[PDB]
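First, one chain by itself: the form solved without 1,2,3,4,5,6-hexahydroxy-cyclohexane, in structure tokens.
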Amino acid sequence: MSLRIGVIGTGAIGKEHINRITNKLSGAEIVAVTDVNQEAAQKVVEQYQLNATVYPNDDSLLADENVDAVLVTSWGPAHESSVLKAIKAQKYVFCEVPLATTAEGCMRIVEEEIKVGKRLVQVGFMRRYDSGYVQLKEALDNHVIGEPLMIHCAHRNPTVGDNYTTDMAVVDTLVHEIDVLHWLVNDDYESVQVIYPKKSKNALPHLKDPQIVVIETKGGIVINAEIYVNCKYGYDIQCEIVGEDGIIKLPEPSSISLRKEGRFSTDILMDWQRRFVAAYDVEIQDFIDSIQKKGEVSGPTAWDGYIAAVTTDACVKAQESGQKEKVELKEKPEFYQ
């Protein structure tokens, strides 16, 4: 007997989630969708031969008693609104990054979930389900390299559109690093600082590219993260953790090697979409499985969404301040441990 899922926002990524749930995962179906372009959400129901109702807005869909759970996968700032409603309507919500665009927005959502007794909210930080990052986690949990002291990491992308703005680099992009990193090391951010290198010839005039972002935790781990979204060569995620007694490092995506015209090579991806395909699948399936076999959700929490929001804010602050901004977090409610 399969979980009945309603999708809010049938854009490019909500279309990807509809396809995995329909044709790749196990034990769930899409019974309802609503988009803001109601005509698009009516061409998607046909496209994937869904057996689903098409609502004009969220409220209508959240009223429907079929739907046990919703995917929030619409425009970014329209998230907070739909999550609060779904919590009050007491449905399970899988909400794509970001949880909300402001730090208080995330706080409002925590307070609601806190009331409604159990965990309803999983945030779509898929990196925690990628086998690379899972292995790093395992080695750290095993004290393979003793105490983490520094982290170097990088998030690069071939080119961006006319729409990509200086803040998006730390809000839409460095956001997964921010989530995954503190999950691995089990610590909280303290300060953030932003440093701009010589600007790239591949960056448009309004964009500042690359950027380095230093970040210290409370324990004193020092992270420096490079964000270069016009690197031209490929899409590439690198993460090295230096510990007291050794170093561990994230793998490249699997690739056949080639020997030809003087070079020994492997392939680098050009498409951010392709990089985490497996972790999307495993993440959703875990929302599904965790609900039917526990009565609550298991992944990244509303709280983790809140931590991403505060730090993301401090970054955008140190971004035009040029100074060493501070990251101030409220006490972690007993609810979340």
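All residue numbers are counted from 1 along the displayed sequence.
What follows is about the form solved in complex with 1,2,3,4,5,6-hexahydroxy-cyclohexane, which we do not show.
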Quick one: borrow 1,2,3,4,5,6-hexahydroxy-cyclohexane from its position in the bound PDB entry, overlay the C-alphas round the pocket, and report open or blocked for the shown form (blocked = 3+ atoms within 2.4 Å of backbone or C-beta).
open
Region of this chain that lies against 1,2,3,4,5,6-hexahydroxy-cyclohexane in the bound PDB entry, out of 216 to 224, 134 to 142, 167 to 175, 106 to 114 [heavy atom, 4.5 Å]:
167 to 175
Would you mind picking the one in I212, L149, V160, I248 that has a heavy atom within 4.5 Å of 1,2,3,4,5,6-hexahydroxy-cyclohexane in the bound PDB entry?
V160
Select from the listed residues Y92, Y189, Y235, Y129 the one whose heavy atoms reach within 4.5 Å of 1,2,3,4,5,6-hexahydroxy-cyclohexane in the bound PDB entry.
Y235
Partner proximity in the bound PDB entry: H155 to 1,2,3,4,5,6-hexahydroxy-cyclohexane, non-hydrogen atom cutoff 4.5 Å
yes
1,2,3,4,5,6-hexahydroxy-cyclohexane contact in the bound PDB entry: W272, any heavy atom under 4.5 Å
yes
What residues, if any, in 18 to 49 have a non-hydrogen atom within 4.5 angstroms of 1,2,3,4,5,6-hexahydroxy-cyclohexane in the bound PDB entry?
none
